[PDB]
Amino acid sequence: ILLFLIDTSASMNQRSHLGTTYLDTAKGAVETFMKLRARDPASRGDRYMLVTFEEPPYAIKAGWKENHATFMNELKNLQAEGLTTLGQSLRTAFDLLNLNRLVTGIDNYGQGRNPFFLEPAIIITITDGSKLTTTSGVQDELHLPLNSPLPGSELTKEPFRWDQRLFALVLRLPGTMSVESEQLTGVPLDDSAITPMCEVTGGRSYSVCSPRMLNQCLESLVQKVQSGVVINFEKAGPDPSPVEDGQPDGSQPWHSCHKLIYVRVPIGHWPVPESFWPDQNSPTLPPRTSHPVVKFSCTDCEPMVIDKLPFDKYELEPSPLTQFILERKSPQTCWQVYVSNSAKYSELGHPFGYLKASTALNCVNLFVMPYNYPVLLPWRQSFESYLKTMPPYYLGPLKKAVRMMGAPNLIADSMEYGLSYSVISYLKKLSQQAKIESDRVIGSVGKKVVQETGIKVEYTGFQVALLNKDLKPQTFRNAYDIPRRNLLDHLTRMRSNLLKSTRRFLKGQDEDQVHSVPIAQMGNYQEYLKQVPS
Amino acid sequence: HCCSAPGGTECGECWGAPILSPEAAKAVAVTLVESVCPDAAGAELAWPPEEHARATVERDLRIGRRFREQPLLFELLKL
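Which chain is which? The protein sequence lines are F and E, in order. Read left to right, the first sequence gives residues 3 to 251, 257 to 271, 278 to 391, 408 to 486, 523 to 599 (the authors' numbering). Take 785 as the starting number for the second sequence in the authors' numbering and just add one per residue.
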């Protein structure tokens, strides 16, 4: 799923050095991105959406239940007229991407946080350089407005989601020559108000300066689409305890890269449950975070973990692997990882996995382990006392693995909270109704706005008409659509047309055809008694 | 008469020729450039390379048309 955000604002009317405006260059770049992505044999399941800088009823051009034909037709007729309302457009796009999330089961907020339930989405937000306006002045903060929150959105406290990356294109093409071609293989950043918003999600922001640089950035962007598993790392709290082959001193601490969870839907178990201590009676649930604040500690702690535990291959995208490569990729050794923010009743973090590398030393495998592996792996009334340290709802998925061996547990203590189940079906129904109402009025514009609003300065109610583009005057049916110049000739033409008594008469003077004239479409409505047997 | 600085002191022996003021001729050239082509994309004094002339062909053609429609411009250049 790819949602292209093209502003089509009035500031996108300035002409480049090639002769076309920035909007035409953006549309051409989108078309070349389409034809480049079509090369990879994986573009048979994705869906394209379009978002412009227009009113909430008119911002979306093609959303759910819209094929490629209507999407291309809407992107073709894009007009650059309006202000640069970036915040409202980003909010509308994020709400559109989060319409079918509370109904299928993604981010249920009650049963862990399953990383194998993915809904990838990439935003391009092709906008102008700077100087965004909000009908009052020029702002320099880019704060997303919060006026009408969706039902069930206060449990994340952030507009974007687990898998929602945000790339940006500014299209800073000069007007005279664009002769800046010193650095060949180098794509700098835009350094604008959208740069922090993009970096928070996990995607960079390109700075287009030349058509060659545009082609380079488009060819570099097609290689950044996969399953979205974005997790945040922190150096705390080990004081860079990497004393293995050298001495530490770094910027590879707050790594917020993605992870490629390739399927073999995705197959996996043992998710990151949450970051708080869930109580048995809690009417209000604390809001989750889109990026989990999980921290790693550099300790050997028996990296050899061999068992019949179901295996996972959530591949990690190499972005800050320099710190690992400095220590020879940690051969035959790993380092634990633990989620912060009160992972248990009374403690600060519980190691639930590690980041052991592969034998090929190519990337990090991201070995996800159970909540507390070094205890259950090595019954004398031990498991009954051990199952009290883990979160309650967490007994859900692990028991499935126990199904591979037997079934000692039951549904006696399989209860998260009596108040968490309530006020959940109503929120899901409200979200479904909102998604249906949004998908219903998605393409039907029905503007019907043509007036001059004649002010005084039949009274207080007059309004002069405006020039209608698609008027289609009926010359043979309506007599008012016949001007004075070609009146007598048109009169004789109408007379001859009425006195001819032909078959299948029409009221159009000369209606040649539409913009498209297909050969197969016209040849299908015919009959040819021939087969060419010879 | 407007640009020549005064002027009338019998310079030389008998063939005194008054010089033209640089400021007046500079102002004349400036207003001529502003009237002929008000564009400023390539108004730098440094002459660009030859290939650069392949991008602003429209401005050169409109300047040629303005010169061919009014020959007085050439005379102004002589000033």
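Yeah, the Cβ is synthetic: ideal placement off N, Cα and C, and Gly gets one too.
Does the beta carbon of residue i come closer than 8 angstroms to any beta carbon on chain E?
i: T22 (chain F); result: no
i: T187 (chain F); result: no
Does the Cβ-Cβ distance between residue i and residue j come in under 8 angstroms?
i: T158 (chain F); j: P300 (chain F); result: yes
i: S91 (chain F); j: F55 (chain F); result: yes
i: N378 (chain F); j: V306 (chain F); result: no
i: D192 (chain F); j: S209 (chain F); result: yes
i: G112 (chain F); j: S451 (chain F); result: no
i: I3 (chain F); j: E160 (chain F); result: no
i: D292 (chain F); j: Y446 (chain F); result: yes
i: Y422 (chain F); j: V388 (chain F); result: no
i: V470 (chain F); j: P58 (chain F); result: no
i: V318 (chain F); j: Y386 (chain F); result: yes
i: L329 (chain F); j: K266 (chain F); result: yes
i: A170 (chain F); j: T127 (chain F); result: yes
i: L5 (chain F); j: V53 (chain F); result: yes
i: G154 (chain F); j: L77 (chain F); result: no
i: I268 (chain F); j: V231 (chain F); result: yes
i: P147 (chain F); j: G89 (chain F); result: yes
i: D325 (chain F); j: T346 (chain F); result: no
i: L424 (chain F); j: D320 (chain F); result: no
Could you check which residue in the options has the C-alpha nearest to that of residue i?
i: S443 (chain F); options: F:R103, F:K485, F:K417 and F:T540; result: F:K417
i: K810 (chain E); options: E:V841, E:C786, E:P833 and E:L845; result: E:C786
i: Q461 (chain F); options: F:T106, F:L80 and F:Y208; result: F:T106
i: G205 (chain F); options: F:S155, F:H262, F:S18 and F:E160; result: F:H262
i: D42 (chain F); options: F:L25, F:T127, F:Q225 and F:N75; result: F:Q225
i: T297 (chain F); options: F:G573, F:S561, F:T312 and F:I453; result: F:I453
i: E143 (chain F); options: F:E236, F:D9, F:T87 and F:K237; result: F:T87
i: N375 (chain F); options: F:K29, F:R558, F:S194 and F:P344; result: F:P344
i: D109 (chain F); options: F:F6, F:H145 and F:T302; result: F:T302
i: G188 (chain F); options: F:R163, F:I196, F:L216 and F:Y545; result: F:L216
i: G826 (chain E); options: E:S819, E:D844 and E:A813; result: E:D844
i: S473 (chain F); options: F:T27, F:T72, F:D48 and F:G30; result: F:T72
i: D535 (chain F); options: F:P598, F:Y524 and F:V479; result: F:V479
i: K464 (chain F); options: F:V579, F:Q81 and F:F96; result: F:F96
i: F851 (chain E); options: E:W799, E:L816 and E:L829; result: E:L816
i: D165 (chain F); options: F:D546, F:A12, F:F119 and F:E76; result: F:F119
i: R163 (chain F); options: F:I125, F:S11, F:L80 and F:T135; result: F:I125
i: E413 (chain F); options: F:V597, F:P426 and F:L439; result: F:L439
State buried or exposed for residue i, treating a residue as buried only when at least 16 other CB atoms are found within 10 Å of its CB.
i: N116 (chain F); result: buried
i: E797 (chain E); result: exposed
i: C200 (chain F); result: buried
i: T482 (chain F); result: exposed
i: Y327 (chain F); result: buried
i: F858 (chain E); result: exposed
i: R568 (chain F); result: exposed
i: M51 (chain F); result: buried
i: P244 (chain F); result: buried
i: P364 (chain F); result: buried
i: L552 (chain F); result: exposed
i: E68 (chain F); result: buried
i: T178 (chain F); result: exposed
i: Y455 (chain F); result: exposed
i: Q349 (chain F); result: buried
i: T372 (chain F); result: exposed
i: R550 (chain F); result: exposed
i: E287 (chain F); result: buried
Item to check | Contact list for the stretch 816 to 839 of chain E against chain F, Cβ threshold 8 angstroms | outcome: Cβ contacts with chain F come from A825, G826, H836 and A839.
Checklist entry - Listed from N- to C-terminal order along the chain, which residues in the stretch 148 to 180 of chain F have their beta-carbon within a distance smaller than 9 angstroms of any beta-carbon of chain E? => result Those residues of the stretch 148 to 180 of chain F that come within reach of chain E (Cβ to Cβ, closer than 9 angstroms) are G177, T178 and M179.
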